[PDB]
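Just one chain is shown here, as structure tokens, and it is the form deposited in one PDB entry.
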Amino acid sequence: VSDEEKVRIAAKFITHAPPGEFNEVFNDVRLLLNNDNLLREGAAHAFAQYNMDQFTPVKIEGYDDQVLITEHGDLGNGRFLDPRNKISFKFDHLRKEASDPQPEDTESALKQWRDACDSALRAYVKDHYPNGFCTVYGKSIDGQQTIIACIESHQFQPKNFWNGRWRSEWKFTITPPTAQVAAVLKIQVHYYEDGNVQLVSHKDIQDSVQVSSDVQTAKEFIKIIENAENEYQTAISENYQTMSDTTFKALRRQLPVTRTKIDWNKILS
């Protein structure tokens, strides 16, 4: 196995760290590769990739509420955009710290829509998530005016050997009188007290909404998001119940039909 293949594997592992365990996974891989130069040069991308993939929320000094690190905010040169506070900031992927906030020109013909959606979503997120954060981007892709709503929520409890994270990304492609709606909802949970058990799930959403006033549409968008996310959470709950009451039970009995543990001398006859 070549050094190039070793570092590709190292980068892959790093990018597959479960939520809240990036440092542990990074350290393991670093000690296994045992070549800091190779790691630096061949897995440099892996830190940024992971953070943006995970919608890592970061706190900026002087601004309440946090902002999500996502591909949509990547300003290059190690800086990221906070469309709500109209700022750019430096972000260190390794130390996961923001620094050097600077006013950033955010003006756009999407400006007022991004803002109406953002204020509505922020309220939706405070209500629906215990530890939620959201970042809404307004940009033109392929000339099409698009609102990109990103939601993150996590609960890290390494001391109880578990971490979990929700991520949702909603894309509204505006084409009056109708907006095209695409979304990906994701959940990952990791439990590892004397084991390694993980829930991995995601659902793709495809839909459309009537577009009207800036304010009314925001209401429409958030209503779509709410119905979809509740539906998904409900379906997940339904799967758990079915896995518990049907599949798990059928895999192994609690006790043999005798309703007593096995008499092993008998079995040996």
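The term rigid core refers to the most C-alpha atoms you can superpose between the two forms while keeping them within 1.5 Å. Heads up: residue numbers just count along the shown sequence, starting at 1.
There is also a form deposited in another entry; it is not shown, and the following applies to it.
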query: Rigid core fit then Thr247 CA moved by 2 Å or more between the shown form and the other one; finding: yes
query: Flag for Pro130, CA shift 2 Å or larger between the shown form and the other one after aligning core; finding: no
query: Core-aligned C-alpha movement of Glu193 between the shown form and the other one, 2 Å or more; finding: yes
